[PDB]
Amino acid sequence: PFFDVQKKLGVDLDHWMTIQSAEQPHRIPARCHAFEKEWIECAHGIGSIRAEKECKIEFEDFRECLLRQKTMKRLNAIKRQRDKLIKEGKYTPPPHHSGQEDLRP
Amino acid sequence: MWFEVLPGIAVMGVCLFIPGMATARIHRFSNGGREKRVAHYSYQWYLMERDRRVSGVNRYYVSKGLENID
Amino acid sequence: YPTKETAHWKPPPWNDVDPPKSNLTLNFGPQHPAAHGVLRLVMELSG
Amino acid sequence: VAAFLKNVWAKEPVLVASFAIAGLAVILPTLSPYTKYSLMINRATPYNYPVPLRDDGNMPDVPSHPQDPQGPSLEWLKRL
Amino acid sequence: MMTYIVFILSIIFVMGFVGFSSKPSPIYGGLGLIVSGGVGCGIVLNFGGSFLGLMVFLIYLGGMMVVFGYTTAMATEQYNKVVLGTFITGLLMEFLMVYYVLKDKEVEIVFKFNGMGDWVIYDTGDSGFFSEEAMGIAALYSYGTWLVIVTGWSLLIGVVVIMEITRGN
Amino acid sequence: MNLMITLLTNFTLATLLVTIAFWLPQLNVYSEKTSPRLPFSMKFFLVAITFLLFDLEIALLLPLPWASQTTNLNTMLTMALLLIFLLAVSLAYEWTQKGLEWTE
Amino acid sequence: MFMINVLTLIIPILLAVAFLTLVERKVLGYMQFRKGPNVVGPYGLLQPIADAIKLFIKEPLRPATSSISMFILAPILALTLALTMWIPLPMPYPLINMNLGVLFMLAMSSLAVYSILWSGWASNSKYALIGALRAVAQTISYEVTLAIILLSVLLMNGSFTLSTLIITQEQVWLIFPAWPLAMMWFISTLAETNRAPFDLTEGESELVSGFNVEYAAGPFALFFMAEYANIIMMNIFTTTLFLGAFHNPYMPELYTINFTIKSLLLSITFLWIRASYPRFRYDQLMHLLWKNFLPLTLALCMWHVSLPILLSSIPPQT
Amino acid sequence: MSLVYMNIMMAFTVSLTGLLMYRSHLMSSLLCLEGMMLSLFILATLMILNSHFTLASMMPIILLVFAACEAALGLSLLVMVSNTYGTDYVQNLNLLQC
Amino acid sequence: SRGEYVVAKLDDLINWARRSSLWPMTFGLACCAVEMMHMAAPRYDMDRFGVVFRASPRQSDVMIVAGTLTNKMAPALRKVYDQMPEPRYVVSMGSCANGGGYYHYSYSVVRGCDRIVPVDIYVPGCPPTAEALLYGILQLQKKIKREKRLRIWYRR
Ligand SMILES: CCCCCCCCCCCCCCCCCC(=O)OC[C@H](COP(=O)([O-])OCC[N+](C)(C)C)OC(=O)CCCCCCCCCCCCCCCCC
Ligand SMILES: CCCCCCCCCCCCCCCCCC(=O)OC[C@H](COP(=O)(O)OCCN)OC(=O)CCCCCCCCCCCCCCCCC
Ligand SMILES: CCCCCCCCCCCCCCCCCC(=O)OC[C@H](COP(=O)(O)OCCN)OC(=O)CCCCCCCCCCCCCCCCC
Ligand SMILES: CCCCCCCCCCCCCCCCCC(=O)OC[C@H](COP(=O)(O)OCCN)OC(=O)CCCCCCCCCCCCCCCCC
Ligand SMILES: CCCCCCCCCCCCCCCCCC(=O)OC[C@H](COP(=O)(O)OCCN)OC(=O)CCCCCCCCCCCCCCCCC
Ligand SMILES: CCCCCCCCCCC1=C(C)C(=O)C(OC)=C(OC)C1=O
Ligand code: SF4
């Protein structure tokens, strides 16, 4: 019983808060605006069953944009290997990762 | 008579005068003889952190003018 | 079907209304005892 | 409408002032000449960046510079 | 320690929920939920939700828990084992979760979770001359017409509903 | 961080003054002094719930100084006056059905 | 250096609270055709020191409490809130210059009733709890008009920033476009702090303030000084909010002397109202709120919503 | 994912099991319910601020308003129960077993 | 020596703070209440000595028994005395609180409030005038001034 009264009357009651790529106040972009736009423009019109398999890559990029789990796992690997090399003494941090270089701009 | 309350009102007024004058003089002492930078919005903090980086001495209130460019 | 456990269950009332199954009494005194100071009052307050 | 109003201004002047202030607040922007200028000032306040346009060759109403004559002007805002 | 400030506030938040959820009394339950609302409000304030944190203080702690304590003063009379045991049970479970996620930097109770501080996942951009959260809340009036209609209608119906059911007739 | 230092200083000064006012009058060793449900009111609870409901209506009214800055001013003015009108109608229904009685 | 600024805020707060007791007793003395204290110090200036040393060594009262921890936390919370209501106050510069200092003060003053409610829970009297409930209902009642009047005034400000509210009033005092909001604000802040004619705990119209009654209460000096910090604070907040003074950016002491003189006159106006009127009955100030102030406050809230749109006078956000 | 989301979810489940295991009082049940709402508020706010998704900033306000009106309705039910029985104990509310 | 000097100055400080900040609790029993109300009136004005008017019965320093103590209000007098925090003091004002007075031989009158409470200052009169009661209050302050609490503590 999804009585789509909004599309029948042509009124907009709640389609504006629905996605991040909608018309935002003062044109503020969301952090995953491009990824959600790619996933929506992929998955539009082809239905859920074709959208789960034919738009899997845009959906994975958008989920990894939102949650950043692969990015945090990569940073965990880099930080853990860096701390292991500090513990093994085979690595010294550079002057630009120590606070002694007077940043760019 | 009625002016006998004025020593107590004077002491209470000095006690109200101390915090604002104190924070004005502390903001001038802590920021190079000037007002504290008001950063309510992220653009103002962006410019303030740019000032902190371009001063070289890690202070936003050290202003670099036309003497810094060639 | 009554059991050993559900033996204490009486049937509910007919109009589903159960019987409901007081007011405050205050000893009073004047606040600062300079004007009256020797007054005692026993109240029956209703809120 | 005249005797009832004087009677309620005698009895409950707080509520008469309340409904008068509320009624003027409702009906006065529909009769105000300055309500348009609120809209005009709020849309002329540049919170974002005016992202430029690729000049394909024929856009005569879009300027090439801020100080060019064509473009939406704010002489009404300075003058009023 | 200071980089993990939102995590420390979240652990204090979980400890407060264990504190009142064990339910020693409605009075101390209200106290524990007040302290929990304060530290969870601090969690919200440290991401940039200043208006939403002050909505916690002004509305949640300022009105609703005041009304809960007001009603608790009119319900119970002023003057254990299961409460304190469940409290130390929840405290042991939470510190075992903390020790696991700090020694392993990856834990899976229901979902996977990072072991570093949550400072990593922020954005490196600026918003300009506005708070984005403030402008999105300001958009309740221009964009959220239907939302304001249904919320105000629900509050007016709530007034009518409370006057109907507390009348007793 | 300046705010947290200020709050910690204020809470510490409050706790210090409470510790003084509970332990300083114990220094003078006094004598050992030996000689030796509340009625529920519906109106108190109703004024508390009336506060809570109108405070939720205030919570809806709180983004108005930011909402004046919008470009959809007809919609914004309509919904602002509509929320204050719903707060007024809530007060009118609280009036006329004898809800504001003996705590008027 | 910042801790020096915090101490130069919060210790002169306590000294100003100490001498507000002297100013109150003297001004209520001369308004009652008598004198206030003039024996204890030169012109009575050592009266607050003597009275504080007296109260800090007077015995804990007679009884014990229902809840010990809330009996400890109610003065701690009262003093903490009464000292943290000052930190966004721009005078001409605030200590913590926060973007939402108005909303911060309204929220921390909404938190202030827990000291009343926990002191009611802490005392063993079932009648002092009723009095605490009446005081809580009074305070949360007038918080409604505090919030809506404050919102209606900030519709001419543009933001919740308290420092912007000095910039707003550079051409005119904001009491001139908003004097009905100012007078309802002044009476509502008078009714927030349980101040006469609205002081029903410290007066009659009370079921427990009754001469050989129970209820262990805390050290009276701490609730008293938190109350007077609230009084001086709400008068400075009213001064910043309506009677905001001239500010020279190169001479801050001009604005500091100016808001100090206005805040002293407004606190003396509190002292001059409490020595002029009898007390309300409890239902009479409930009537004064819910059937007198709140209709006018909603009417003026609609008026100050729709008025900058019909005058094209919408203040800027920044 | 984010480490603070684990703690806010575990807080929701702690207040859930507090609400799903009554001791004596209905007021403690409503406190556990509003602790659940508090954890929902915090978790929704942290997501919406994290995403910089602008129009959902008004969503936690709607959650807070609707669920505090829900809480006022629950306190009125508690008041009617306490006016009936004298306490807010859950074992007095067992007339409907038969 | 040194410690005797320190406890002497501390006694001087606390006796100054107690006598210069007396808070009276009045028993308005009888006609002497009217004369205490004149002792608080603008002519004599107890409040300029730090002696406040209409203090809380909970926190108060001196109980002023101003009137006739009958047999029906002796336990109320003693219970209000026992609820007072130490140091509590008693000023007996007028002849009926002193020794029964004009109703000394009555069946219903306690013959002096000193049968009920320990009395510090006896203020005689029927009524003793507002100036005479203020004299009794200043004599009570002189009695508080020469207390040796910490000196006797250091010497015990
Ligand atoms: C901030 C700086 C200071 C501000 C001013 C405050 C200082 C002065 C303080 C004086 C001492 C007050 C002590 C406390 C008194 C409490 C009692 C009291 O006053 O109750 C309030 C009384 C209460 O009413 P009442 O009790 O007098 O009347 C009886 C009421 N009935 C019948 C319901 C029982 O009045 C108000 O509520 C008025 C509030 C302010 C009104 C503002 C008026 C604005 C009018 C605008 C024009 C309207 C005309 C129509 C529209 C025209 C449009 C073009
Ligand atoms: C922002 C500003 C805040 C200011 C707050 C304070 C306001 C009031 C300031 C003080 C006003 C004047 C005080 C005068 C007090 C009386 C002094 C005096 O004469 O004391 C006499 C007494 C006995 O002396 P004796 O030797 O017996 O004399 C007989 C001689 N033929 O001798 C004594 O009692 C001993 C000496 C006591 C001296 C006490 C002085 C006052 C102390 C008040 C505490 C706070 C002071 C301010 C601190 C910050 C500023 C420095
Ligand atoms: C249209 C714009 C929007 C309007 C809505 C917004 C209103 C803002 C103010 C909020 C007010 C909230 C509460 C309103 C309740 C009104 C009903 C009411 O109070 O009726 C009862 C009252 C008699 O009171 P009583 O029962 O005796 O109680 C004891 C009090 N002494 O009865 C009365 O006192 C009679 C009150 C009705 C007559 C008032 C007439 C006022 C006319 C003013 C001039 C015209 C203004 C234009 C708009 C008119 C709208 C009616
Ligand atoms: C019974 C328990 C004990 C009771 C006594 C003690 C507690 C009660 C009295 C103290 C209340 C503490 C309130 C702490 C938060 C106050 C709100 C707040 O932070 O507002 C200020 C500001 C928001 O404004 P804005 O300018 O937008 O932000 C900076 C952007 N440039 O935001 C900022 O500046 C953000 C600064 C960093 C975040 C600060 C968070 C503080 C730590 C968490 C809360 C700790 C208190 C917990 C208890 C609260 C009350 C229950
Ligand atoms: C080893 C040495 C040091 C040892 C530790 C002691 C440190 C200092 C302690 C305070 C001073 C001790 C002496 C106290 C006063 C002694 C003299 C005295 O009693 O003088 C009486 C005189 C008034 O005379 P009186 O008889 O009352 O007058 C009748 C009316 N004409 O009184 C006066 O004229 C005024 C008396 C004022 C007393 C001093 C001022 C108050 C105390 C200030 C510091 C403590 C308070 C700090 C802040 C508290 C909160 C604000
Ligand atoms: C930290 C400083 C503490 C100073 C304490 C001063 C106490 C005020 C004394 C007079 C007084 C006033 C004005 C007063 O208003 C009051 O409440 C009715 C009292 O209690 C009965 C008082 O005793
Ligand atoms: S001593 Fe005399 S004048 Fe005084 S109260 Fe007694 S009867 Fe009255």
# chains A, B, ... in the order shown; residues from 1 in each chain; ligands from 1
$ residues_around --residues "residue 49 (chain F)" --least-positions-apart "6" --cutoff "12 Å" --atoms "only C-alpha atoms" --output "compact mmCIF listing (two decimals) with C-alpha atoms, in the first residue's frame"
# COMPACT_ATOMS: atom_id res chain seq x y z
CA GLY E 63 12.48 20.27 29.67
CA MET E 64 11.99 16.55 29.47
CA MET E 65 14.22 15.25 32.23
CA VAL E 66 12.96 18.13 34.38
CA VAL E 67 9.44 16.79 33.80
CA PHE E 68 10.64 13.22 34.53
CA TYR E 70 9.05 16.44 38.54
CA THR E 71 6.84 13.38 38.05
CA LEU E 155 2.14 18.64 19.07
CA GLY E 158 -0.50 15.92 21.94
CA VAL E 159 -1.89 18.86 23.92
CA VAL E 160 -5.45 17.67 23.21
CA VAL E 161 -4.52 14.06 24.06
CA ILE E 162 -2.95 14.92 27.42
CA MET E 163 -5.94 17.07 28.37
CA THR E 166 -5.63 13.21 32.43
CA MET F 42 -3.17 16.85 38.97
CA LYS F 43 -2.53 20.56 38.40
CA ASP F 55 8.90 23.82 25.10
CA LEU F 56 8.79 21.36 22.20
CA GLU F 94 -5.40 24.69 27.24
CA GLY F 99 -6.81 23.18 31.82
CA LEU F 100 -5.24 26.32 33.29
CA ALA G 137 6.92 24.78 38.16
CA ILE G 140 10.00 26.31 34.14
CA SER G 141 6.86 28.38 33.58
CA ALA H 68 9.56 13.93 23.97
CA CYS H 69 5.86 14.28 23.13
CA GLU H 70 5.77 10.48 23.30
CA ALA H 71 7.46 10.76 26.71
CA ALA H 72 4.85 13.26 27.92
CA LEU H 73 2.15 10.79 26.88
CA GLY H 74 3.97 8.06 28.79
CA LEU H 75 4.22 10.23 31.90
CA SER H 76 0.49 10.92 31.69
CA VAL H 79 0.23 9.45 36.38
$ residues_near_ligand --ligand "ligand 5" --cutoff "6 Å" --atoms "only C-alpha atoms and all ligand atoms" --output "ChimeraX atom specification"
/G:49,52 /I:6,9-10,12-13,16
$ residues_near_ligand --ligand "ligand 2" --cutoff "8 Å" --atoms "only C-alpha atoms and all ligand atoms" --output "ChimeraX atom specification"
/B:11-12,14-15,18 /G:12,15,41-42,45-46,49 /I:13
$ residues_near_ligand --ligand "ligand 6" --cutoff "8 Å" --atoms "only C-alpha atoms and all ligand atoms" --output "number ranges by chain"
G: 14-15, 17-19, 21-22, 24-25, 48-49, 51-52, 55, 202-203, 221-222, 224-225; I: 23, 52-56, 59
$ write_last_selection --atoms "N, CA and C atoms" --output "JSON list (two decimals), in the first residue's frame"
[["chain", "number", "residue", "atom", "x", "y", "z"],
["G", 14, "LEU", "N", 32.40, 36.30, 42.74],
["G", 14, "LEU", "CA", 32.10, 35.99, 44.13],
["G", 14, "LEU", "C", 32.21, 37.22, 45.02],
["G", 15, "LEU", "N", 33.14, 38.13, 44.71],
["G", 15, "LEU", "CA", 33.24, 39.36, 45.49],
["G", 15, "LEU", "C", 32.05, 40.29, 45.22],
["G", 17, "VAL", "N", 29.08, 39.26, 44.34],
["G", 17, "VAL", "CA", 27.97, 38.60, 45.02],
["G", 17, "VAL", "C", 28.00, 38.90, 46.51],
["G", 18, "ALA", "N", 29.20, 38.90, 47.11],
["G", 18, "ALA", "CA", 29.33, 39.21, 48.53],
["G", 18, "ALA", "C", 28.89, 40.63, 48.83],
["G", 19, "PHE", "N", 29.27, 41.59, 47.99],
["G", 19, "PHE", "CA", 28.86, 42.96, 48.26],
["G", 19, "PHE", "C", 27.49, 43.32, 47.71],
["G", 21, "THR", "N", 24.98, 41.63, 48.75],
["G", 21, "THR", "CA", 24.25, 41.50, 50.01],
["G", 21, "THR", "C", 24.27, 42.80, 50.79],
["G", 22, "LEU", "N", 25.43, 43.46, 50.83],
["G", 22, "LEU", "CA", 25.54, 44.75, 51.49],
["G", 22, "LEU", "C", 24.75, 45.82, 50.76],
["G", 24, "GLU", "N", 22.16, 45.37, 48.88],
["G", 24, "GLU", "CA", 20.76, 45.05, 49.09],
["G", 24, "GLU", "C", 20.27, 45.53, 50.45],
["G", 25, "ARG", "N", 21.02, 45.22, 51.51],
["G", 25, "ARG", "CA", 20.61, 45.62, 52.84],
["G", 25, "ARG", "C", 20.64, 47.14, 53.01],
["G", 48, "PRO", "N", 29.68, 41.92, 54.74],
["G", 48, "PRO", "CA", 29.67, 40.61, 54.05],
["G", 48, "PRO", "C", 30.75, 39.66, 54.51],
["G", 49, "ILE", "N", 31.93, 40.17, 54.88],
["G", 49, "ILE", "CA", 33.01, 39.32, 55.35],
["G", 49, "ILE", "C", 32.64, 38.68, 56.69],
["G", 51, "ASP", "N", 29.60, 38.25, 57.83],
["G", 51, "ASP", "CA", 28.46, 37.36, 57.66],
["G", 51, "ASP", "C", 28.87, 36.05, 57.01],
["G", 52, "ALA", "N", 29.85, 36.09, 56.10],
["G", 52, "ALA", "CA", 30.31, 34.86, 55.46],
["G", 52, "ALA", "C", 31.12, 34.00, 56.42],
["G", 55, "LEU", "N", 28.47, 32.36, 58.65],
["G", 55, "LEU", "CA", 27.73, 31.27, 58.03],
["G", 55, "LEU", "C", 28.62, 30.06, 57.76],
["G", 202, "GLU", "N", 11.02, 31.70, 49.86],
["G", 202, "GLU", "CA", 11.50, 32.57, 50.93],
["G", 202, "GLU", "C", 10.40, 33.44, 51.53],
["G", 203, "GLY", "N", 9.14, 33.20, 51.21],
["G", 203, "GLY", "CA", 8.08, 33.96, 51.82],
["G", 203, "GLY", "C", 6.90, 33.13, 52.26],
["G", 221, "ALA", "N", 24.56, 29.55, 52.58],
["G", 221, "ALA", "CA", 25.41, 30.53, 51.92],
["G", 221, "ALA", "C", 25.67, 30.17, 50.47],
["G", 222, "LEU", "N", 25.76, 28.88, 50.14],
["G", 222, "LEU", "CA", 26.10, 28.48, 48.78],
["G", 222, "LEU", "C", 24.93, 28.65, 47.82],
["G", 224, "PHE", "N", 22.57, 30.72, 48.40],
["G", 224, "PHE", "CA", 22.38, 32.16, 48.42],
["G", 224, "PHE", "C", 23.31, 32.85, 47.43],
["G", 225, "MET", "N", 24.57, 32.43, 47.38],
["G", 225, "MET", "CA", 25.52, 33.09, 46.51],
["G", 225, "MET", "C", 25.39, 32.63, 45.06],
["I", 23, "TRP", "N", 21.89, 36.90, 63.90],
["I", 23, "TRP", "CA", 20.59, 36.78, 63.23],
["I", 23, "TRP", "C", 19.56, 36.35, 64.26],
["I", 52, "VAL", "N", 19.84, 41.17, 61.71],
["I", 52, "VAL", "CA", 18.85, 41.25, 60.63],
["I", 52, "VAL", "C", 17.44, 41.16, 61.20],
["I", 53, "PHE", "N", 16.47, 41.55, 60.38],
["I", 53, "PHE", "CA", 15.07, 41.51, 60.80],
["I", 53, "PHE", "C", 14.34, 40.41, 60.06],
["I", 54, "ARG", "N", 13.61, 39.59, 60.82],
["I", 54, "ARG", "CA", 12.86, 38.43, 60.34],
["I", 54, "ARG", "C", 13.78, 37.46, 59.60],
["I", 55, "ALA", "N", 14.73, 36.92, 60.35],
["I", 55, "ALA", "CA", 15.60, 35.87, 59.84],
["I", 55, "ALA", "C", 14.84, 34.55, 59.79],
["I", 56, "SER", "N", 15.46, 33.57, 59.13],
["I", 56, "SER", "CA", 14.87, 32.24, 59.07],
["I", 56, "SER", "C", 14.93, 31.60, 60.45],
["I", 59, "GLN", "N", 18.11, 28.92, 60.37],
["I", 59, "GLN", "CA", 19.42, 29.49, 60.65],
["I", 59, "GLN", "C", 19.24, 30.82, 61.39]]
$ residues_around --residues "residue 167 (chain G)" --least-positions-apart "4" --cutoff "12 Å" --atoms "only C-alpha atoms" --output "PyMOL selection string"
chain G and resi 90+92+156-159+161-163+171-174+240-241+244-249+315-316+318
$ write_last_selection --atoms "N, CA and C atoms" --output "PDB file, in the first residue's frame"
ATOM      1  N   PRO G  90      29.501  39.150  26.643  1.00  0.00           N
ATOM      2  CA  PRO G  90      30.491  40.029  26.017  1.00  0.00           C
ATOM      3  C   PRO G  90      30.578  41.343  26.777  1.00  0.00           C
ATOM      4  N   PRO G  92      33.597  44.065  26.888  1.00  0.00           N
ATOM      5  CA  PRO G  92      33.089  44.027  25.513  1.00  0.00           C
ATOM      6  C   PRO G  92      33.496  42.762  24.782  1.00  0.00           C
ATOM      7  N   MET G 156      16.021  40.439  15.490  1.00  0.00           N
ATOM      8  CA  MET G 156      16.673  41.672  15.070  1.00  0.00           C
ATOM      9  C   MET G 156      18.184  41.617  15.217  1.00  0.00           C
ATOM     10  N   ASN G 157      18.731  40.494  15.678  1.00  0.00           N
ATOM     11  CA  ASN G 157      20.168  40.331  15.844  1.00  0.00           C
ATOM     12  C   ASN G 157      20.800  39.670  14.623  1.00  0.00           C
ATOM     13  N   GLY G 158      20.180  38.611  14.115  1.00  0.00           N
ATOM     14  CA  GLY G 158      20.700  37.862  12.999  1.00  0.00           C
ATOM     15  C   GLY G 158      21.344  36.549  13.375  1.00  0.00           C
ATOM     16  N   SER G 159      21.799  36.413  14.615  1.00  0.00           N
ATOM     17  CA  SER G 159      22.459  35.200  15.061  1.00  0.00           C
ATOM     18  C   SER G 159      22.205  35.024  16.550  1.00  0.00           C
ATOM     19  N   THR G 161      24.803  34.902  18.427  1.00  0.00           N
ATOM     20  CA  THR G 161      26.054  35.411  18.963  1.00  0.00           C
ATOM     21  C   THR G 161      25.790  36.599  19.876  1.00  0.00           C
ATOM     22  N   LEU G 162      26.316  36.530  21.097  1.00  0.00           N
ATOM     23  CA  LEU G 162      26.170  37.643  22.027  1.00  0.00           C
ATOM     24  C   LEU G 162      27.062  38.821  21.663  1.00  0.00           C
ATOM     25  N   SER G 163      28.206  38.570  21.024  1.00  0.00           N
ATOM     26  CA  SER G 163      29.103  39.663  20.661  1.00  0.00           C
ATOM     27  C   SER G 163      28.544  40.492  19.517  1.00  0.00           C
ATOM     28  N   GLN G 171      23.328  51.975  16.737  1.00  0.00           N
ATOM     29  CA  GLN G 171      22.574  53.166  16.383  1.00  0.00           C
ATOM     30  C   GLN G 171      21.551  53.539  17.445  1.00  0.00           C
ATOM     31  N   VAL G 172      20.911  52.548  18.060  1.00  0.00           N
ATOM     32  CA  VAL G 172      19.869  52.795  19.047  1.00  0.00           C
ATOM     33  C   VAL G 172      19.905  51.650  20.049  1.00  0.00           C
ATOM     34  N   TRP G 173      19.490  51.936  21.283  1.00  0.00           N
ATOM     35  CA  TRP G 173      19.190  50.872  22.228  1.00  0.00           C
ATOM     36  C   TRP G 173      18.089  49.987  21.670  1.00  0.00           C
ATOM     37  N   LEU G 174      18.199  48.693  21.922  1.00  0.00           N
ATOM     38  CA  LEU G 174      17.211  47.764  21.403  1.00  0.00           C
ATOM     39  C   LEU G 174      15.974  47.701  22.286  1.00  0.00           C
ATOM     40  N   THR G 240      23.138  43.710  28.205  1.00  0.00           N
ATOM     41  CA  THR G 240      23.680  43.358  26.897  1.00  0.00           C
ATOM     42  C   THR G 240      22.571  43.182  25.871  1.00  0.00           C
ATOM     43  N   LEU G 241      21.413  42.704  26.314  1.00  0.00           N
ATOM     44  CA  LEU G 241      20.364  42.275  25.413  1.00  0.00           C
ATOM     45  C   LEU G 241      19.508  43.443  24.942  1.00  0.00           C
ATOM     46  N   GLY G 244      22.370  47.779  25.272  1.00  0.00           N
ATOM     47  CA  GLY G 244      23.746  47.574  24.856  1.00  0.00           C
ATOM     48  C   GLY G 244      24.454  48.853  24.485  1.00  0.00           C
ATOM     49  N   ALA G 245      25.652  49.009  25.019  1.00  0.00           N
ATOM     50  CA  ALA G 245      26.291  50.304  25.098  1.00  0.00           C
ATOM     51  C   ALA G 245      27.203  50.549  23.903  1.00  0.00           C
ATOM     52  N   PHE G 246      27.815  51.726  23.894  1.00  0.00           N
ATOM     53  CA  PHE G 246      28.779  52.067  22.861  1.00  0.00           C
ATOM     54  C   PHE G 246      30.095  51.353  23.113  1.00  0.00           C
ATOM     55  N   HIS G 247      30.692  50.848  22.040  1.00  0.00           N
ATOM     56  CA  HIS G 247      31.944  50.108  22.111  1.00  0.00           C
ATOM     57  C   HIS G 247      32.958  50.724  21.162  1.00  0.00           C
ATOM     58  N   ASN G 248      34.019  51.286  21.730  1.00  0.00           N
ATOM     59  CA  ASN G 248      35.179  51.690  20.958  1.00  0.00           C
ATOM     60  C   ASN G 248      36.124  50.502  20.879  1.00  0.00           C
ATOM     61  N   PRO G 249      36.494  50.033  19.683  1.00  0.00           N
ATOM     62  CA  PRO G 249      37.404  48.879  19.596  1.00  0.00           C
ATOM     63  C   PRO G 249      38.803  49.152  20.115  1.00  0.00           C
ATOM     64  N   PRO G 315      18.376  41.293   9.651  1.00  0.00           N
ATOM     65  CA  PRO G 315      19.772  41.438  10.037  1.00  0.00           C
ATOM     66  C   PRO G 315      20.621  40.347   9.414  1.00  0.00           C
ATOM     67  N   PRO G 316      21.913  40.588   9.229  1.00  0.00           N
ATOM     68  CA  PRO G 316      22.775  39.581   8.614  1.00  0.00           C
ATOM     69  C   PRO G 316      23.111  38.438   9.554  1.00  0.00           C
ATOM     70  N   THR G 318      26.172  36.762   9.661  1.00  0.00           N
ATOM     71  CA  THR G 318      27.522  36.888  10.193  1.00  0.00           C
ATOM     72  C   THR G 318      27.633  38.087  11.126  1.00  0.00           C
TER      73      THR G 318
END
$ closest_atom_pairs --of "chain D" --to "chain A" --cutoff "12 Å" --atoms "only C-alpha atoms" --output "JSON lines"
{"residue": "D:42", "atom": "CA", "partner": "A:26", "partner_atom": "CA", "distance": 11.6}
{"residue": "D:43", "atom": "CA", "partner": "A:26", "partner_atom": "CA", "distance": 10.6}
{"residue": "D:45", "atom": "CA", "partner": "A:26", "partner_atom": "CA", "distance": 10.7}
{"residue": "D:46", "atom": "CA", "partner": "A:26", "partner_atom": "CA", "distance": 9.5}
{"residue": "D:47", "atom": "CA", "partner": "A:26", "partner_atom": "CA", "distance": 7.1}
{"residue": "D:48", "atom": "CA", "partner": "A:26", "partner_atom": "CA", "distance": 6.9}
{"residue": "D:49", "atom": "CA", "partner": "A:27", "partner_atom": "CA", "distance": 10.0}
{"residue": "D:50", "atom": "CA", "partner": "A:27", "partner_atom": "CA", "distance": 11.5}
{"residue": "D:51", "atom": "CA", "partner": "A:27", "partner_atom": "CA", "distance": 11.7}
$ select_by_dssp --residues "chain I" --states "helix (DSSP H, G or I)" --output "PyMOL selection string"
chain I and resi 3-19+32-39+46-49+74-82+94-99+101-103+113-115+130-145+149-155
$ interface_residues --of "chain E" --to "chain G" --cutoff "12 Å" --atoms "only C-alpha atoms" --output "NGL selection string"
:E and (25-28 or 30-32 or 34-35 or 37-38 or 45 or 48-79 or 128-131 or 134-135 or 138)
$ interface_residues --of "chain H" --to "chain E" --cutoff "6 Å" --atoms "only C-alpha atoms" --output "ChimeraX atom specification"
/H:1-4,7,11,15,18,27-28,54-55,57-58
$ write_last_selection --atoms "C-alpha atoms" --output "mmCIF file, in the first residue's frame"
data_model
loop_
_atom_site.group_PDB
_atom_site.id
_atom_site.type_symbol
_atom_site.label_atom_id
_atom_site.label_comp_id
_atom_site.auth_asym_id
_atom_site.auth_seq_id
_atom_site.Cartn_x
_atom_site.Cartn_y
_atom_site.Cartn_z
ATOM 1 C CA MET H 1 33.699 1.619 10.745
ATOM 2 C CA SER H 2 33.867 4.441 13.279
ATOM 3 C CA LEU H 3 34.761 3.402 16.813
ATOM 4 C CA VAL H 4 32.275 5.775 18.469
ATOM 5 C CA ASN H 7 29.754 2.672 21.735
ATOM 6 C CA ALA H 11 24.558 2.186 24.630
ATOM 7 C CA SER H 15 19.231 0.870 27.468
ATOM 8 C CA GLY H 18 17.244 -2.105 30.687
ATOM 9 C CA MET H 27 9.319 5.377 35.616
ATOM 10 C CA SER H 28 12.527 3.382 35.219
ATOM 11 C CA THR H 54 22.821 19.276 5.158
ATOM 12 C CA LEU H 55 19.049 18.770 5.010
ATOM 13 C CA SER H 57 20.398 18.351 10.201
ATOM 14 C CA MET H 58 16.750 19.077 11.044
#
$ interface_residues --of "chain F" --to "chain I" --cutoff "10 Å" --atoms "only C-alpha atoms" --output "number ranges by chain"
F: 28, 30-31, 33-36
